[PDB]
$ cat entry.cif   # mmCIF, C-alpha atoms and all ligand atoms
data_entry
loop_
_atom_site.label_atom_id
_atom_site.label_comp_id
_atom_site.auth_asym_id
_atom_site.auth_seq_id
_atom_site.Cartn_x
_atom_site.Cartn_y
_atom_site.Cartn_z
CA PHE A 166 0.00 0.00 0.00
CA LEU A 167 2.79 2.45 1.08
CA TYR A 168 4.92 1.84 -2.05
CA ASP A 169 1.80 1.61 -4.31
CA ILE A 170 0.59 5.18 -3.47
CA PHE A 171 4.22 6.46 -3.90
CA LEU A 172 4.68 4.61 -7.25
CA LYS A 173 1.43 6.10 -8.78
CA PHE A 174 2.73 9.62 -7.97
CA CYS A 175 6.16 8.65 -9.35
CA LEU A 176 4.70 7.51 -12.76
CA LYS A 177 2.74 10.77 -13.23
CA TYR A 178 5.28 13.33 -11.75
CA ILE A 179 8.93 11.98 -11.70
CA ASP A 180 11.22 10.96 -14.68
CA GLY A 181 11.30 7.24 -15.68
CA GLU A 182 14.99 6.60 -14.98
CA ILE A 183 15.07 8.89 -11.85
CA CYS A 184 12.21 6.66 -10.48
CA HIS A 185 14.23 3.57 -11.50
CA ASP A 186 17.47 4.88 -9.87
CA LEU A 187 15.44 5.94 -6.77
CA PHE A 188 13.78 2.59 -6.02
CA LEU A 189 17.10 0.71 -6.76
CA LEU A 190 18.69 3.00 -4.12
CA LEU A 191 15.85 2.10 -1.66
CA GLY A 192 16.86 -1.51 -2.57
CA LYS A 193 20.64 -1.27 -1.93
CA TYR A 194 19.75 -0.02 1.64
CA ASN A 195 17.23 -2.92 2.12
CA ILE A 196 14.12 -0.70 2.73
CA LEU A 197 11.95 -2.09 -0.14
CA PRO A 198 8.97 -4.36 0.90
CA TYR A 199 9.22 -8.18 1.38
CA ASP A 200 7.10 -11.03 -0.02
CA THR A 201 7.20 -13.92 2.39
CA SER A 202 5.97 -17.35 1.27
CA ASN A 203 7.62 -20.72 0.58
CA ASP A 204 5.58 -20.68 -2.74
CA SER A 205 3.42 -23.72 -3.65
CA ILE A 206 5.36 -26.53 -5.53
CA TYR A 207 2.24 -26.37 -7.78
CA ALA A 208 3.90 -23.43 -9.67
CA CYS A 209 7.42 -24.94 -9.55
CA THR A 210 9.09 -25.02 -12.92
CA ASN A 211 12.49 -25.97 -14.30
CA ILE A 212 14.79 -25.46 -17.30
CA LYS A 213 17.18 -28.48 -17.12
CA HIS A 214 18.78 -28.36 -13.58
CA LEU A 215 17.61 -24.71 -12.95
CA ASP A 216 15.00 -25.17 -10.19
CA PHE A 217 12.65 -22.13 -10.05
CA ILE A 218 10.60 -21.84 -6.75
CA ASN A 219 7.94 -19.86 -8.67
CA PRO A 220 7.62 -19.14 -12.46
CA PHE A 221 8.32 -15.37 -12.12
CA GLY A 222 11.65 -13.62 -12.46
CA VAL A 223 12.93 -10.12 -13.25
CA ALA A 224 14.09 -9.60 -16.88
CA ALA A 225 17.39 -7.98 -17.90
CA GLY A 226 17.84 -4.16 -17.76
CA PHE A 227 16.32 -3.76 -14.27
CA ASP A 228 19.47 -4.51 -12.21
CA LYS A 229 22.00 -3.89 -15.05
CA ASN A 230 24.83 -3.62 -12.44
CA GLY A 231 23.68 -6.28 -9.91
CA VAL A 232 23.61 -3.65 -7.05
CA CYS A 233 20.12 -4.66 -5.83
CA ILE A 234 19.88 -8.53 -6.35
CA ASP A 235 18.66 -9.37 -2.73
CA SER A 236 15.92 -6.71 -2.50
CA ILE A 237 14.55 -7.43 -5.98
CA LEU A 238 14.47 -11.25 -5.46
CA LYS A 239 12.90 -10.66 -1.95
CA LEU A 240 9.87 -8.97 -3.72
CA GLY A 241 8.59 -12.51 -4.60
CA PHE A 242 10.74 -13.45 -7.59
CA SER A 243 12.66 -16.78 -8.07
CA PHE A 244 15.35 -15.39 -10.42
CA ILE A 245 16.96 -12.25 -11.77
CA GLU A 246 18.76 -11.72 -15.09
CA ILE A 247 21.34 -9.10 -14.24
CA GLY A 248 22.78 -6.98 -17.05
CA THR A 249 23.10 -6.48 -19.92
CA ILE A 250 26.80 -6.30 -19.01
CA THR A 251 29.52 -5.22 -21.49
CA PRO A 252 33.35 -5.78 -20.97
CA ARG A 253 33.93 -2.02 -20.34
CA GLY A 254 31.44 0.28 -18.63
CA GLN A 255 29.11 2.46 -20.70
CA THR A 256 27.09 5.62 -20.00
CA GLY A 257 24.74 4.55 -22.82
CA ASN A 258 22.74 7.00 -24.94
CA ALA A 259 21.50 10.60 -24.28
CA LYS A 260 18.84 11.08 -21.55
CA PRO A 261 15.73 11.00 -21.44
CA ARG A 262 15.91 7.42 -22.79
CA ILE A 263 12.94 5.83 -20.87
CA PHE A 264 9.27 6.85 -21.50
CA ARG A 265 5.93 5.41 -20.35
CA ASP A 266 2.25 5.56 -21.45
CA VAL A 267 -0.02 4.68 -18.46
CA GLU A 268 -3.30 4.29 -20.48
CA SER A 269 -1.74 1.59 -22.78
CA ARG A 270 0.72 0.23 -20.07
CA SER A 271 3.84 0.49 -22.31
CA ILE A 272 7.57 1.60 -22.10
CA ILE A 273 9.89 2.89 -24.93
CA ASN A 274 13.70 2.81 -24.29
CA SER A 275 16.95 3.82 -25.99
CA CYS A 276 19.32 3.11 -23.00
CA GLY A 277 22.10 1.58 -25.13
CA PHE A 278 23.65 -0.77 -22.52
CA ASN A 279 24.26 1.61 -19.65
CA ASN A 280 26.39 -0.36 -17.14
CA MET A 281 29.39 -0.17 -14.76
CA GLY A 282 31.31 -2.79 -16.80
CA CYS A 283 31.78 -6.53 -16.46
CA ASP A 284 34.58 -6.27 -13.77
CA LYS A 285 32.58 -4.10 -11.28
CA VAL A 286 29.35 -6.11 -11.83
CA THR A 287 31.35 -9.34 -11.17
CA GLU A 288 32.42 -7.89 -7.75
CA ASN A 289 28.74 -7.00 -7.08
CA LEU A 290 27.71 -10.60 -7.88
CA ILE A 291 30.63 -12.02 -5.76
CA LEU A 292 29.21 -10.05 -2.76
CA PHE A 293 25.64 -11.36 -3.34
CA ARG A 294 27.00 -14.94 -3.81
CA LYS A 295 28.91 -14.47 -0.51
CA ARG A 296 25.69 -13.23 1.23
CA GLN A 297 23.78 -16.24 -0.29
CA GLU A 298 26.05 -18.53 1.81
CA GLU A 299 25.13 -16.98 5.22
CA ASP A 300 21.50 -16.01 4.25
CA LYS A 301 19.47 -19.24 3.80
CA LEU A 302 16.39 -17.35 2.43
CA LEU A 303 18.16 -16.70 -0.94
CA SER A 304 19.91 -20.15 -1.30
CA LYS A 305 17.43 -21.46 -3.96
CA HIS A 306 17.10 -18.12 -5.86
CA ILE A 307 18.75 -18.25 -9.33
CA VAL A 308 20.79 -15.35 -10.77
CA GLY A 309 21.29 -15.16 -14.52
CA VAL A 310 23.68 -12.79 -16.34
CA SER A 311 22.92 -11.12 -19.74
CA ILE A 312 26.18 -10.57 -21.68
CA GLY A 313 26.57 -8.07 -24.52
CA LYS A 314 29.02 -5.98 -26.54
CA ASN A 315 30.39 -2.39 -26.28
CA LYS A 316 29.14 0.24 -28.79
CA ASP A 317 32.49 0.58 -30.70
CA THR A 318 33.45 -3.18 -30.68
CA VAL A 319 33.45 -4.71 -34.25
CA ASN A 320 33.73 -8.39 -33.04
CA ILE A 321 30.88 -9.33 -30.65
CA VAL A 322 32.56 -12.71 -29.80
CA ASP A 323 35.72 -11.22 -28.14
CA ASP A 324 33.40 -9.24 -25.76
CA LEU A 325 31.16 -12.24 -24.97
CA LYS A 326 34.22 -14.51 -24.30
CA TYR A 327 35.71 -11.71 -22.06
CA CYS A 328 32.51 -11.55 -19.97
CA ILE A 329 32.45 -15.33 -19.44
CA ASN A 330 36.03 -15.43 -18.14
CA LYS A 331 35.15 -12.88 -15.35
CA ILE A 332 31.41 -13.40 -14.31
CA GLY A 333 30.88 -17.00 -15.61
CA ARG A 334 31.83 -18.73 -12.31
CA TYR A 335 28.99 -16.90 -10.49
CA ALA A 336 26.14 -17.22 -13.06
CA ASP A 337 23.47 -19.95 -13.04
CA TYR A 338 22.85 -19.03 -16.68
CA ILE A 339 24.30 -16.79 -19.35
CA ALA A 340 21.92 -14.88 -21.66
CA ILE A 341 23.27 -13.77 -25.05
CA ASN A 342 21.81 -10.35 -25.87
CA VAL A 343 21.71 -10.30 -29.71
CA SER A 344 18.34 -8.45 -29.67
CA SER A 345 19.10 -4.85 -28.54
CA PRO A 346 17.63 -2.20 -30.90
CA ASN A 347 19.74 0.55 -29.18
CA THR A 348 23.12 -1.12 -29.93
CA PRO A 349 23.76 -0.27 -33.63
CA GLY A 350 24.20 -3.41 -35.77
CA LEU A 351 23.53 -5.91 -32.90
CA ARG A 352 20.35 -7.53 -34.29
CA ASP A 353 22.49 -8.53 -37.35
CA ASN A 354 24.02 -11.17 -34.99
CA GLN A 355 20.66 -13.10 -34.98
CA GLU A 356 21.44 -14.22 -38.62
CA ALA A 357 21.75 -18.07 -38.63
CA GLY A 358 25.49 -18.27 -39.53
CA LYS A 359 26.65 -15.47 -37.15
CA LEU A 360 24.49 -16.79 -34.23
CA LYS A 361 25.87 -20.33 -34.83
CA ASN A 362 29.46 -18.97 -34.36
CA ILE A 363 28.31 -16.80 -31.38
CA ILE A 364 26.57 -19.68 -29.41
CA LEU A 365 29.37 -22.18 -30.22
CA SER A 366 32.22 -19.80 -29.23
CA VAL A 367 30.23 -18.83 -26.00
CA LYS A 368 29.60 -22.54 -25.16
CA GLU A 369 33.29 -23.37 -25.89
CA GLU A 370 34.35 -20.56 -23.47
CA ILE A 371 31.97 -21.85 -20.64
CA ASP A 372 33.30 -25.42 -21.26
CA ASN A 373 36.94 -24.01 -21.17
CA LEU A 374 36.39 -22.47 -17.64
CA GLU A 375 35.75 -26.06 -16.40
CA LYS A 376 38.74 -27.42 -18.46
CA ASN A 377 41.19 -24.68 -17.25
CA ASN A 378 39.87 -23.79 -13.76
CA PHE A 414 34.46 -24.36 -5.47
CA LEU A 415 34.61 -23.33 -9.21
CA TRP A 416 30.90 -22.80 -9.76
CA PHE A 417 30.13 -20.21 -7.04
CA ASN A 418 26.44 -19.98 -8.08
CA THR A 419 23.11 -21.51 -6.91
CA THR A 420 23.37 -24.64 -9.03
CA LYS A 421 27.08 -25.50 -8.15
CA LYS A 422 27.11 -26.47 -11.91
CA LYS A 423 28.38 -24.62 -15.07
CA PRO A 424 25.99 -21.83 -16.31
CA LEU A 425 23.27 -22.76 -18.86
CA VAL A 426 23.19 -20.75 -22.13
CA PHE A 427 20.09 -18.80 -23.25
CA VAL A 428 19.74 -16.43 -26.21
CA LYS A 429 17.50 -13.33 -26.22
CA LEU A 430 15.70 -12.97 -29.59
CA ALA A 431 14.08 -9.88 -31.22
CA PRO A 432 10.39 -9.88 -32.23
CA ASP A 433 11.14 -7.93 -35.45
CA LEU A 434 12.10 -11.06 -37.55
CA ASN A 435 10.56 -12.70 -40.68
CA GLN A 436 9.33 -16.35 -40.73
CA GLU A 437 12.43 -17.32 -42.82
CA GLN A 438 14.85 -16.03 -40.07
CA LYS A 439 12.78 -17.47 -37.16
CA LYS A 440 12.97 -20.95 -38.78
CA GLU A 441 16.68 -20.47 -39.81
CA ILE A 442 17.48 -19.61 -36.13
CA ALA A 443 15.57 -22.70 -34.85
CA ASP A 444 17.87 -25.03 -36.84
CA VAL A 445 20.92 -23.24 -35.26
CA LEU A 446 19.44 -23.49 -31.69
CA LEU A 447 18.63 -27.23 -32.27
CA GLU A 448 22.11 -28.00 -33.67
CA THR A 449 24.20 -25.89 -31.23
CA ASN A 450 21.95 -27.15 -28.39
CA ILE A 451 21.14 -23.82 -26.67
CA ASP A 452 19.84 -24.56 -23.10
CA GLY A 453 16.99 -22.03 -23.53
CA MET A 454 15.69 -19.07 -25.54
CA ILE A 455 14.29 -15.81 -24.10
CA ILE A 456 11.27 -14.80 -26.17
CA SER A 457 11.37 -11.89 -26.47
CA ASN A 458 13.00 -8.39 -26.39
CA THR A 459 11.53 -4.90 -27.19
CA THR A 460 9.90 -4.11 -30.62
CA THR A 461 10.34 -1.38 -33.30
CA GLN A 462 7.04 -2.53 -34.96
CA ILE A 463 4.61 -0.89 -32.41
CA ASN A 464 3.92 2.62 -33.82
CA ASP A 465 0.22 2.72 -32.66
CA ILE A 466 1.20 4.57 -29.39
CA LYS A 467 0.69 8.34 -29.74
CA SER A 468 3.13 9.32 -26.90
CA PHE A 469 5.95 7.06 -28.28
CA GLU A 470 5.77 8.68 -31.80
CA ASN A 471 9.22 10.41 -32.32
CA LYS A 472 10.85 8.81 -29.24
CA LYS A 473 13.77 6.47 -30.06
CA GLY A 474 13.92 2.89 -28.76
CA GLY A 475 12.02 -0.38 -28.43
CA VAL A 476 8.45 -0.72 -27.09
CA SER A 477 7.83 -3.05 -24.11
CA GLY A 478 4.63 -3.52 -22.07
CA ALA A 479 0.95 -4.39 -22.71
CA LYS A 480 1.37 -3.71 -26.51
CA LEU A 481 4.17 -6.32 -26.90
CA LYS A 482 2.04 -9.00 -25.02
CA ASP A 483 0.45 -10.58 -28.18
CA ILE A 484 3.63 -10.20 -30.31
CA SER A 485 5.86 -12.13 -27.85
CA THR A 486 3.21 -14.91 -27.35
CA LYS A 487 3.01 -15.57 -31.12
CA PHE A 488 6.86 -15.54 -31.32
CA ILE A 489 6.85 -18.11 -28.38
CA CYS A 490 4.26 -20.21 -30.34
CA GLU A 491 6.25 -20.04 -33.64
CA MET A 492 9.63 -20.85 -32.02
CA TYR A 493 8.19 -23.68 -29.82
CA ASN A 494 7.24 -25.47 -33.09
CA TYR A 495 10.18 -24.32 -35.24
CA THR A 496 12.45 -25.92 -32.52
CA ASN A 497 10.02 -28.94 -32.27
CA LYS A 498 9.38 -28.37 -28.48
CA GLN A 499 13.16 -29.17 -27.78
CA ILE A 500 14.47 -25.73 -26.73
CA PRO A 501 12.96 -24.45 -23.35
CA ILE A 502 11.41 -20.91 -23.44
CA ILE A 503 11.75 -17.96 -20.99
CA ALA A 504 8.71 -15.73 -21.72
CA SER A 505 9.17 -11.94 -21.73
CA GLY A 506 7.00 -9.16 -23.23
CA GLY A 507 3.74 -7.81 -21.77
CA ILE A 508 3.28 -10.22 -18.78
CA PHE A 509 1.09 -8.29 -16.24
CA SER A 510 -1.34 -10.97 -14.96
CA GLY A 511 -1.78 -14.67 -14.13
CA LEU A 512 -3.86 -14.97 -17.36
CA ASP A 513 -1.01 -13.23 -19.30
CA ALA A 514 1.42 -15.67 -17.55
CA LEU A 515 -0.76 -18.78 -18.31
CA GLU A 516 -1.08 -17.55 -21.98
CA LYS A 517 2.78 -17.61 -22.16
CA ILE A 518 3.16 -20.99 -20.30
CA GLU A 519 0.53 -22.64 -22.58
CA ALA A 520 2.20 -21.19 -25.72
CA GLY A 521 5.40 -23.06 -24.65
CA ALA A 522 7.05 -21.01 -21.85
CA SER A 523 8.67 -22.71 -18.85
CA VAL A 524 9.35 -19.39 -16.93
CA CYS A 525 7.82 -15.85 -17.02
CA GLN A 526 10.15 -12.81 -16.97
CA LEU A 527 8.77 -9.43 -15.68
CA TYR A 528 9.74 -5.79 -16.36
CA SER A 529 6.84 -3.37 -17.32
CA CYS A 530 4.66 -4.99 -14.60
CA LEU A 531 7.16 -3.81 -11.90
CA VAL A 532 7.08 -0.34 -13.48
CA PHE A 533 3.24 0.04 -13.82
CA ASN A 534 1.81 -2.19 -11.04
CA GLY A 535 4.70 -1.66 -8.58
CA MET A 536 6.28 -3.80 -5.83
CA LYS A 537 3.12 -6.00 -5.59
CA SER A 538 3.79 -7.51 -9.13
CA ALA A 539 5.17 -10.99 -8.12
CA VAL A 540 2.75 -11.36 -5.11
CA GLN A 541 -0.40 -10.67 -7.22
CA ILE A 542 0.82 -12.54 -10.35
CA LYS A 543 1.76 -15.77 -8.40
CA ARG A 544 -1.65 -15.64 -6.61
CA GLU A 545 -3.51 -14.76 -9.91
CA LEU A 546 -1.77 -17.64 -11.76
CA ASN A 547 -2.29 -20.23 -8.94
CA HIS A 548 -6.04 -19.38 -8.98
CA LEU A 549 -6.16 -20.11 -12.74
CA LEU A 550 -3.95 -23.27 -12.61
CA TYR A 551 -6.58 -24.72 -10.18
CA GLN A 552 -9.52 -23.28 -12.24
CA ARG A 553 -8.19 -24.89 -15.46
CA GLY A 554 -7.53 -28.21 -13.62
CA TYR A 555 -3.73 -28.62 -13.95
CA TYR A 556 -2.05 -30.89 -11.32
CA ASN A 557 0.96 -28.51 -11.69
CA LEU A 558 2.57 -25.85 -13.92
CA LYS A 559 4.82 -28.40 -15.71
CA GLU A 560 1.56 -29.98 -17.06
CA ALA A 561 0.53 -26.57 -18.66
CA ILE A 562 3.81 -25.91 -20.61
CA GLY A 563 2.80 -25.98 -24.31
CA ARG A 564 -0.79 -27.28 -23.70
CA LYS A 565 -2.15 -24.76 -26.30
CA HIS A 566 -0.52 -26.96 -29.04
CA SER A 567 -2.15 -30.14 -27.50
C1 LIG B 601 14.57 0.59 -19.53
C2 LIG B 601 14.69 -0.79 -20.10
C3 LIG B 601 15.96 -1.33 -20.29
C4 LIG B 601 16.13 -2.63 -20.79
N1 LIG B 601 17.42 -3.15 -20.84
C5 LIG B 601 17.56 -4.41 -21.18
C6 LIG B 601 18.91 -5.01 -21.16
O1 LIG B 601 19.94 -4.48 -20.74
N2 LIG B 601 18.94 -6.31 -21.61
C7 LIG B 601 17.84 -7.05 -22.05
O2 LIG B 601 18.03 -8.19 -22.47
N3 LIG B 601 16.59 -6.52 -22.01
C8 LIG B 601 16.45 -5.27 -21.60
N4 LIG B 601 15.19 -4.73 -21.55
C9 LIG B 601 14.04 -5.53 -22.01
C10 LIG B 601 13.39 -6.32 -20.88
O3 LIG B 601 14.27 -7.34 -20.41
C11 LIG B 601 12.07 -6.96 -21.31
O4 LIG B 601 12.34 -8.08 -22.15
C12 LIG B 601 11.10 -5.99 -22.00
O5 LIG B 601 10.91 -4.85 -21.17
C13 LIG B 601 9.79 -6.63 -22.41
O6 LIG B 601 9.07 -7.15 -21.27
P1 LIG B 601 7.92 -6.27 -20.54
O7 LIG B 601 6.87 -5.98 -21.60
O8 LIG B 601 7.30 -7.20 -19.50
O9 LIG B 601 8.51 -5.02 -19.95
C14 LIG B 601 14.99 -3.39 -21.12
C15 LIG B 601 13.72 -2.84 -20.96
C16 LIG B 601 13.55 -1.56 -20.44
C17 LIG B 601 12.15 -1.02 -20.27
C1 LIG B 602 7.70 4.39 -11.10
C2 LIG B 602 8.59 4.19 -12.26
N1 LIG B 602 8.65 4.93 -13.34
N2 LIG B 602 9.62 4.39 -14.17
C3 LIG B 602 10.13 3.33 -13.58
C4 LIG B 602 11.11 2.31 -13.91
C5 LIG B 602 11.83 2.34 -15.11
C6 LIG B 602 12.72 1.32 -15.42
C7 LIG B 602 12.91 0.27 -14.53
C8 LIG B 602 12.22 0.23 -13.33
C9 LIG B 602 11.32 1.25 -13.00
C10 LIG B 602 10.58 1.26 -11.74
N3 LIG B 602 10.80 0.34 -10.73
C11 LIG B 602 9.66 0.06 -9.83
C12 LIG B 602 9.81 -1.30 -9.17
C13 LIG B 602 11.21 -1.53 -8.65
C14 LIG B 602 11.47 -2.61 -7.80
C15 LIG B 602 12.76 -2.89 -7.38
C16 LIG B 602 13.80 -2.10 -7.79
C17 LIG B 602 13.57 -1.02 -8.62
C18 LIG B 602 12.29 -0.72 -9.07
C19 LIG B 602 12.07 0.44 -10.01
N4 LIG B 602 9.72 2.15 -11.44
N5 LIG B 602 9.50 3.16 -12.36
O1 LIG B 603 20.25 -1.54 -22.91
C1 LIG B 603 19.26 -1.23 -23.71
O2 LIG B 603 19.05 -0.10 -24.11
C2 LIG B 603 18.37 -2.34 -24.11
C3 LIG B 603 18.78 -3.63 -24.29
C4 LIG B 603 17.84 -4.63 -24.68
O3 LIG B 603 18.12 -5.82 -24.92
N1 LIG B 603 16.54 -4.18 -24.86
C5 LIG B 603 16.11 -2.88 -24.74
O4 LIG B 603 14.99 -2.52 -25.10
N2 LIG B 603 17.05 -1.98 -24.32
#
$ encode --input "entry.cif" --output "structure tokens" --more "lines below"
Ligand SMILES: Cc1cc2nc3c(=O)[nH]c(=O)nc-3n(C[C@H](O)[C@H](O)[C@H](O)COP(=O)(O)O)c2cc1C
Ligand SMILES: Cc1nnc2c3ccccc3c(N3CCc4ccccc4C3)nn12
Ligand SMILES: O=C(O)c1cc(=O)[nH]c(=O)[nH]1
Amino acid sequence: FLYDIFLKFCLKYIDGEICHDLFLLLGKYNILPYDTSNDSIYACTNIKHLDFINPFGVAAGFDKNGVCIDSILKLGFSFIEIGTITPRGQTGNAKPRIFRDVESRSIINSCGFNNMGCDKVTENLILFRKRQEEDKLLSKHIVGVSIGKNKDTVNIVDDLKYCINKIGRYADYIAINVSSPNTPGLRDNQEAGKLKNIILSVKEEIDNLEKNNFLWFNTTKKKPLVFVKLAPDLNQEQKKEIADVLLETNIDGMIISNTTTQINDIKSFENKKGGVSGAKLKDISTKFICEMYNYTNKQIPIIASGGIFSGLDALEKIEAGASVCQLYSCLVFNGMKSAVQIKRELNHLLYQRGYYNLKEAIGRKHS
């Protein structure tokens, strides 16, 4: 209630990234609210060995620098994708680079990987991983890392392999961000051939950490899984071309999806630069989940992202083929209550539809 009144005022009177930097500060000093519950095993999901306590996690770009991991996870989430991280720190693009429409529940952003750099973020994860040893309440909470490239870097691979060698020992999973619209020429890395080299080189570098170098100082105590974040602005030819790469390279998951450049039906996001996230992306990401779940013949697990605000929105994703649901615009528009309400909303529906558990619902639309 206290943070909900304050968030409403924030959305209508204070700048989007000031708000964002303000709440993250109230997180680093552990004064954000808490969601206490062991979470019903009813909603338990998994991607290989990654055991999620609940199907809801916080998507990348929220805790870019991993300075707020404990307080964000303590809001009722099972996992956090920290990043996107780049080898060297970046100030990103010119501000204001975050805008929101309340009536249509959407966000437009041209951040351009604003982060402290892989080395500083690694130290921030080391400190959370050290806390995770003493604090038992965060021992089953997964932390993923989204790895990217610096603006001026011509060879994406060198940057991705750099990131692995520093933060790889502390990640439960590594997300390859090849879908940023604010990093010039990055979506060109989603092309079948390039992505095949990317995934393989990234997987070789994770494998090499184990070959060359207690070691896995993460939740799993195992080597990080590899996920790729895909852009919704692709043709059917590319989406199927990618599927063959993901099936052959054996990617451990695929995050569907990132922000869109296609949504131009928002009047307040007209001449603002960046990708649109929120309630407008909802249907676009679900159909991309659907397409990819059948282009990859149900083999590659899916991490849903794009317009998830409710239990019905969450079930829509799970049934399309999603194993986990990633949040972002829900935390922005609905506030701190997001994961409490959405777990509750979903559990009501899982019972109402008659599923014994969540794992029974994954891809049941295609049944
Ligand atoms: C301000 C902002 C920054 C973002 N930065 C990143 C990022 O660094 N890496 C990433 O993979 N996604 C990033 N995203 C995309 C989110 O992870 C998410 O996929 C997107 O917001 C769509 O989900 P939503 O509709 O639930 O918000 C960003 C989104 C916003 C609004
Ligand atoms: C209000 C508001 N107007 N714009 C934004 C915004 C923009 C980008 C990312 C997050 C947020 C955000 N959240 C609100 C929820 C939350 C929870 C934990 C840690 C930080 C935050 C910040 N609140 N917010
Ligand atoms: O850092 C950004 O600007 C960014 C990255 C990403 O993957 N998606 C997004 O919309 N913004």
$ residues_around --input "entry.cif" --residues "residue 218 in chain A" --least-positions-apart "4" --cutoff "9 Å" --atoms "all atoms listed in the file" --output "MDAnalysis selection string"
chainID A and resid 203:206 208:211 242:244 305:306
$ closest_residue --input "entry.cif" --among "A:278, A:427, A:335, A:178" --to "ligand LIG 601 (chain B)" --atoms "only C-alpha atoms and all ligand atoms"
A:278
$ closest_residue --input "entry.cif" --among "A:241, A:506, A:346, A:222" --to "ligand LIG 601 (chain B)" --atoms "all atoms listed in the file"
A:506
$ atom_distance --input "entry.cif" --atom1 "CA of residue 526 in chain A" --atom2 "CA of residue 224 in chain A"
5.1 Å
$ residues_near_ligand --input "entry.cif" --ligand "ligand LIG 602 (chain B)" --cutoff "6 Å" --atoms "only C-alpha atoms and all ligand atoms" --output "number ranges by chain"
A: 172, 175-176, 181-182, 184-185, 188-189, 227, 237, 531-532, 535-536
$ write_last_selection --input "entry.cif" --atoms "C-alpha atoms" --output "PDB file, in the coordinates of the input"
ATOM      1  CA  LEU A 172       4.680   4.610  -7.250  1.00  0.00           C
ATOM      2  CA  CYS A 175       6.160   8.650  -9.350  1.00  0.00           C
ATOM      3  CA  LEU A 176       4.700   7.510 -12.760  1.00  0.00           C
ATOM      4  CA  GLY A 181      11.300   7.240 -15.680  1.00  0.00           C
ATOM      5  CA  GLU A 182      14.990   6.600 -14.980  1.00  0.00           C
ATOM      6  CA  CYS A 184      12.210   6.660 -10.480  1.00  0.00           C
ATOM      7  CA  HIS A 185      14.230   3.570 -11.500  1.00  0.00           C
ATOM      8  CA  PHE A 188      13.780   2.590  -6.020  1.00  0.00           C
ATOM      9  CA  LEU A 189      17.100   0.710  -6.760  1.00  0.00           C
ATOM     10  CA  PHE A 227      16.320  -3.760 -14.270  1.00  0.00           C
ATOM     11  CA  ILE A 237      14.550  -7.430  -5.980  1.00  0.00           C
ATOM     12  CA  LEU A 531       7.160  -3.810 -11.900  1.00  0.00           C
ATOM     13  CA  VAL A 532       7.080  -0.340 -13.480  1.00  0.00           C
ATOM     14  CA  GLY A 535       4.700  -1.660  -8.580  1.00  0.00           C
ATOM     15  CA  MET A 536       6.280  -3.800  -5.830  1.00  0.00           C
TER      16      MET A 536
END
$ atom_distance --input "entry.cif" --atom1 "CA of residue 493 in chain A" --atom2 "atom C8 of ligand LIG 601 (chain B)"
21.8 Å
$ residues_near_ligand --input "entry.cif" --ligand "ligand LIG 603 (chain B)" --cutoff "10 Å" --atoms "all atoms listed in the file" --output "VMD selection string"
chain A and resid 224 to 227 229 248 to 250 255 257 to 258 262 to 263 272 to 280 311 to 313 341 to 348 351 to 352 429 to 431 457 to 461 474 to 477
$ axis_aligned_box --input "entry.cif" --around "ligand LIG 601 (chain B)" --padding-each-side "6 Å" --output "lines of an AutoDock Vina configuration file"
center_x = 13.4
center_y = -3.8
center_z = -21.0
size_x = 25.1
size_y = 20.8
size_z = 15.0
$ residues_around --input "entry.cif" --residues "residue 529 in chain A" --least-positions-apart "6" --cutoff "9 Å" --atoms "all atoms listed in the file" --output "NGL selection string"
:A and (270-272 or 477-479 or 506-509)
$ closest_residue --input "entry.cif" --among "A:220, A:563, A:350, A:261" --to "ligand LIG 601 (chain B)" --atoms "all atoms listed in the file"
A:261
$ closest_residue --input "entry.cif" --among "A:462, A:496, A:486, A:541" --to "residue 445 in chain A" --atoms "only C-alpha atoms"
A:496
$ closest_residue --input "entry.cif" --among "A:364, A:238, A:329, A:357" --to "residue 302 in chain A" --atoms "all atoms listed in the file"
A:238
$ atom_distance --input "entry.cif" --atom1 "CA of residue 467 in chain A" --atom2 "CA of residue 266 in chain A"
8.9 Å
$ residues_around --input "entry.cif" --residues "residue 447 in chain A" --least-positions-apart "2" --cutoff "12 Å" --atoms "all atoms listed in the file" --output "list in words"
residues 357, 361, 364, 440, 441, 442, 443, 444, 445, 449, 450, 451, 452, 453, 454, 492, 493, 494, 495, 496, 497, 498, 499, 500 and 501 of chain A
